[PDB]
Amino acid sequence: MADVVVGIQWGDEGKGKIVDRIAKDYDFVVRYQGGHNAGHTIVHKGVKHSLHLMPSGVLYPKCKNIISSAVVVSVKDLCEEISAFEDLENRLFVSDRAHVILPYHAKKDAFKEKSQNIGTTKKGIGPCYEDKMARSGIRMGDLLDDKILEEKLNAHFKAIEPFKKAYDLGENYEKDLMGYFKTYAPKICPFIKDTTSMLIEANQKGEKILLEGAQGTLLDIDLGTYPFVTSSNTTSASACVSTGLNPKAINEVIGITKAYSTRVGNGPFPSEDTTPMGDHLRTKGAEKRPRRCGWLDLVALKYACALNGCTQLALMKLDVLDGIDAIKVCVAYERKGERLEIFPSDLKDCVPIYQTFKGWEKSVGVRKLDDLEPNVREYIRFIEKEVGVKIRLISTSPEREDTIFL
């Protein structure tokens, strides 16, 4: 259908779990932006699969996993993920137009982070996107032709010369990078395809397509909490730029929202709770950089739902809240005496206004609406009424099957 799964907060909402849970019903599962800054996590029958760039349809061999054109690819790292699975040939395809992360990029990221202090993943995501905007970047299809690759590498070496000292590239950068591609190009080349053509066709034939967002909406380069964002567009619309699909192809948009909020890295966080009331969240939800913890923020949620056109919500990680005395929800902002109901473009001086809810004790592992505590259902009802989007999926532990459908 091109349905889309999107994180509607600042990442870590539980996207990997939801994609894995529904992927069996699709022909294609598509990672459309970001890189291995992502960590989409699947748990099933006590086995944890930590994915980075590998799409989250990988546990269903009939699914075709697509890494689309707006992604940035650390080839070595993707090769390491490929090696963990059997017979990925014919069920993983990497866009020939995806951009390639070089070691300069990670070094540059660390260098710039000394002044900017965004809290990046230090994986060179941003600098890879920069080179894409410069139109100097290498793309996956370049690896298919030794002569083209060699030429682009020589232009890169020439271009980075003035930076070797600053970014601490070392004496052997150029020989090391040559050898890198000698090692990894043969490993990844069989998977490189025109995925744009592939998805245009699939859409035309009415095959079922699931688009897997990374990061989350409030990390969007344009509309998120800039400059405390990633360098890619994270919303549902981005899925129908990366891919070849058009906006009219988008059917369901599933907004993945944790039952509380996190950020990892710096930047504004209106509902962050550094008081003892937040300590439960830290104990069970901070954890690898520990996440900043706080409450669900309906102001921000409503904003993200509008940006994405969510048709349904998945409410994630209810089990983290088990045992908490009370749950707060940020229902509005106070800014110097004004009540704000709408998410503003600058969060300066925005203080959360909270409603308090009774906690629950034992959502963990519940598989039926009937088996949930009243206080859980009361919370769900409040959220979906305030936001105006039905909660259709409820996750009660990391396990694939600990998921309730409505």
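All residue numbers are counted from 1 along the displayed sequence.
Quiz prompt | Deposited residues omitted from coordinates between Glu161 and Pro162, as a class | solution = Nothing is missing.
Exercise. Can you let me know which of the two, 258 to 266 or 165 to 173, has the higher average C-alpha B-factor in the entry?
Key: The deposited B-factors put 165 to 173 ahead on the C-alpha mean.
Self-check item: Higher-B stretch (mean Cα B-factor, as the entry records it), 270 to 278 or 177 to 185
Solution: Higher mean C-alpha B-factor in the PDB entry: 177 to 185.
Practice problem: Compare the CA B factors listed in the entry for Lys112, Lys208, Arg91, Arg139 and report the winner. | Solution: Comparing C-alpha B-factors across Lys112, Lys208, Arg91, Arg139, the maximum falls on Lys112.
Quiz item: Between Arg377, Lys368, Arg31, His36, which carries the biggest CA temperature factor in the record?
Solution: Within the set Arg377, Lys368, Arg31, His36, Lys368 shows the top C-alpha B-factor.
Exercise. Give the position of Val19 by CA B-factor within its chain, expressed as the lowest, middle or highest third.
Key: Ranked within chain, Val19 CA B lands in the lowest tercile.
Exercise. Using the B-factors in the PDB entry, rank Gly119's C-alpha atom against the chain and give the third, lowest, middle or highest.
Key: It belongs to the middle third of the chain when residues are ordered by C-alpha B-factor.
Practice problem: Would you check the entry's CA temperature factor for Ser345 and let me know if it's in the chain's lowest, middle or highest third? | Solution: Its C-alpha B-factor, which the entry lists for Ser345, ranks in the middle third among residues of this chain.
Self-check item: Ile8 - which third its CA temperature factor falls in, relative to the rest of the chain
Solution: Within its chain, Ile8 is a lowest-third residue by C-alpha B-factor, going by the deposited values.
Quiz item: Which third of the chain does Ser68 land in by C-alpha B-factor: lowest, middle or highest?
Solution: Answer is lowest: the recorded C-alpha B-factor places it there.
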